[PDB]
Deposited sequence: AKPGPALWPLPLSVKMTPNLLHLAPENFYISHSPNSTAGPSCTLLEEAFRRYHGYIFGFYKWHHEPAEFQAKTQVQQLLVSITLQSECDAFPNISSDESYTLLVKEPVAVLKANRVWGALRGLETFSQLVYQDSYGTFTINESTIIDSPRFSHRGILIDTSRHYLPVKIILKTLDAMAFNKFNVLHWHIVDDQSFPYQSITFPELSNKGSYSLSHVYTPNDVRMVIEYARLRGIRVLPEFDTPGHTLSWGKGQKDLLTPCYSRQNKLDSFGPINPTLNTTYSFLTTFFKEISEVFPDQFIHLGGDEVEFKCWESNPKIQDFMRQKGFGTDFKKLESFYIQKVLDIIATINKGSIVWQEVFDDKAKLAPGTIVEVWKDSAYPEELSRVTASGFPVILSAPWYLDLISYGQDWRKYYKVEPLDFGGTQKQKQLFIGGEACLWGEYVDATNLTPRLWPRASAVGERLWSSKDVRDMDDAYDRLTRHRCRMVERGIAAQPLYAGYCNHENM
């Protein structure tokens, strides 16, 4: 079977079952906590009836065990587990929440195929499946290159087929500021490449609701205090002036900065319904801060000496409180943790450096903080050949630590930075290389057979192509 990712448990039997387009129905079970009043499932049923088709199983009953959470937004603690039963004359899909039903519908569509004569068929089977990790996401960079909403929505569809549940939206950065702020409209009006290259409130609202209907969380990132050269276009005196004429990172000495961030992140807390907010805090250069007389004074009145890691820690902690004040979680790059900053209980850390990253995982988990991995999965760094194997071979839980420290590891992300990536090459460059990460983050640890991986990935890649996703080939061959 061309299943991807490979489910936890699969029990296939050589017994064939045929389906009929204008006779097959997907409806709720009489004793389910979700009914026809559930918009999410209703949409998912009609949507997958198109993917499946476009000794007879007549109906697929979707039974939600616990409280569906039909109208809610997915969070880190969501239950995506499900159990599938393919039999005549009624197939049964049972799951605790609604999130499992989505994943189950995907798996179910991957089991239906057409035989030699075009007859829709499916080997009857029994599947029990649940994600190994709860945080499986994809990072997109809409600052280094503006991405039309269409391709972001297509990325979401592709993420649904590959069972990803988090969209790390790296919306702004040095090059441009495409995010249209309601409170501060000058950020995008002066900081974006152009006025057409801007994400309006409705564009963002559309991305989030499109993702929810598929069980994808929209994780926003507004990197600070580094990667903010575009922030200082619509906001005066926000960035540190470089003397000795360019500008540096955000100035952490002025009270205007924190008053601005408070009202800025308060907007973000209401725009993005996800609990966590990525703050960035990476690749921060101290060159400019060290050459500013006004700032050097702030070093004395606080007694930080000449160690700007404390000035870095002073700023990030100030921002962390703002996020904590508005009842939101926080995610941050590894620099901040390494800078000896104090993180609140529950703060997520994202490891991204190659140099001894398993050791970083050890340190973060040792300190009792949850961790996310992205170091070995920098997909923007392309190379000749089947590099999907390099990403597939990666084993996350390979680092020193107790069994209690392994629970702090919640997952990872495949990043596609856009220094050389836009709408022209995003889809092909992302898939199906990210699919390798998808299976590694969902399927069991002992699922590592190359021949089988290659076999299923080629056929799954062709499936993405038929579903409108321009995924590039792994090697020489063909689809259809």
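Asker: Any chance you could give me the deposited-sequence numbering of all the stretches lacking C-alphas?
Answerer: 1-4, 59-72, 263-267, 504-507 are the stretches of the deposited chain that have no C-alpha coordinates in the structure.
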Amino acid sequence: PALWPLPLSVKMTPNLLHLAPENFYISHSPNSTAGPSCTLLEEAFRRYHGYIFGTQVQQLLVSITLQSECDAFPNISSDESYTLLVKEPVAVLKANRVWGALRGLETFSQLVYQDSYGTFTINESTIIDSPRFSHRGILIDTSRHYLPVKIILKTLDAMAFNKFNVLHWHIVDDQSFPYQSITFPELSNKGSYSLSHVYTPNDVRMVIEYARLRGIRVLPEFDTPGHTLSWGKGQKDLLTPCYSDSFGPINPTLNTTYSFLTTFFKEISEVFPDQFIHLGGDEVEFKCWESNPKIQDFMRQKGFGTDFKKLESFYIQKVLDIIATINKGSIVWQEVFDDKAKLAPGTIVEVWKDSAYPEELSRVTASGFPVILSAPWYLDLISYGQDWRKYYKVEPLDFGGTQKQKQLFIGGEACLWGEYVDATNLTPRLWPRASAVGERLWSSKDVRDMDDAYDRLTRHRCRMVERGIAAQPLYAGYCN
From here on, numbers count along this sequence of modelled residues.
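Asker: What about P30, left without coordinates in a third or more of the other entries of this protein that model its neighbours?
Answerer: No: coordinates for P30 present in every compared entry.
Asker: Could you find out if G418 - modelled in this structure - is missing from at least a third of the other PDB entries compared that contain residues on either side?
Answerer: In all of the other entries, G418 has coordinates.
Asker: Per the record, averaged over C-alpha atoms, which has the higher B-factor: 74-82 or 168-176?
Answerer: Per the PDB record, 74-82.
Asker: If you take the mean CA temperature factor per stretch, which one wins between 150-158 and 395-403?
Answerer: Looking at the recorded C-alpha B-factors, 395-403 comes out higher on average.
Asker: For the listed residues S143, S383, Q301, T200, which one has the largest C-alpha B-factor as given in the deposited model?
Answerer: Going by the entry's C-alpha B-factors, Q301 comes out highest.
Asker: By the CA temperature factor listed in this entry, which of these ranks top: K163, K342, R217, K353?
Answerer: The record points to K342.
Asker: Would you check the entry's CA temperature factor for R467 and let me know if it's in the chain's lowest, middle or highest third?
Answerer: Ranked within chain, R467 CA B lands in the lowest tercile.
Asker: Sorting the chain's modelled residues by C-alpha B-factor, tell me whether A91 ends up in the lowest, middle or highest third.
Answerer: CA B-factor rank for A91: highest third.
Asker: Classify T427 as lowest, middle or highest third according to the C-alpha B-factor given in the PDB entry, relative to its own chain.
Answerer: It belongs to the lowest third of the chain when residues are ordered by C-alpha B-factor.
Asker: Pull the Cα B-factor of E69 out of the PDB entry and bin it into the chain's lowest, middle or highest third.
Answerer: Within its chain, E69 is a highest-third residue by C-alpha B-factor, going by the deposited values.
Asker: For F337, does the deposited CA B-factor place it in the lowest, middle or highest third of the chain?
Answerer: According to the entry, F337 has a C-alpha B-factor in the chain's highest third.
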